[PDB]
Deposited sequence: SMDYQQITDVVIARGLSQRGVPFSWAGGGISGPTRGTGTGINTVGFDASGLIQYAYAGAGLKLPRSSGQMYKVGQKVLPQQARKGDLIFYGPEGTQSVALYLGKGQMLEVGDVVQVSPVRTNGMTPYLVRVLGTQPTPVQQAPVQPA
């Protein structure tokens, strides 16, 4: 799983600088969005995560809240690169890819690496790949 996790991360990192686009992107890569993204080839947060994790042969649900609901919950002190970070109650605002060492891959105005922010962060990360640690 270290190897597969590295593939997922490399896929995410390859999209650095791609613009935000509302409802944009998915497992084909960045795409035209809808609404204000209708003429912008890019990603929203969900789209980027779907693209990255397709490298592991996985097809994640689109909404961040659904990704959170179904995912294996991990406490922050147990985080590993490749885990998903969420924002909002029950992860309903956004999602980002944890890179390790206090860094995450997110979609701001563009896809970008940023330090993890705990403001608004959902209390658990999700581990997608793979007893496990108690919640």
item	value
Gaps in the model, given as deposited-sequence positions counted from residue 1	1-3, 134-142
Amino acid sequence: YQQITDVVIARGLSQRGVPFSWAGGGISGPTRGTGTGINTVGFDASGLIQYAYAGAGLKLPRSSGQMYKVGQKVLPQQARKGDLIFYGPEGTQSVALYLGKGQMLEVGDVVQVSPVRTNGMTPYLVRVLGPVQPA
From here on, numbers count along this sequence of modelled residues.
item: Mean temperature factor over C-alpha atoms, higher-scoring stretch between 15-23 and 116-124; value: 116-124
item: Selected stretch [higher average CA B-factor]: 55-63 or 84-92; value: 55-63
item: Entry-reported Cα temperature factor of residue 40, expressed as the chain third it lands in; value: middle
item: Lowest, middle or highest third - CA B-factor, residue 34; value: middle
item: Chain-wide C-alpha B factor ranking for residue 99, given as lowest, middle or highest third; value: middle
item: Third assignment of residue 49 from its chain's C-alpha B-factors; value: lowest
item: Third of the chain's Cα B-factor distribution that residue 70 belongs to, per the entry; value: highest
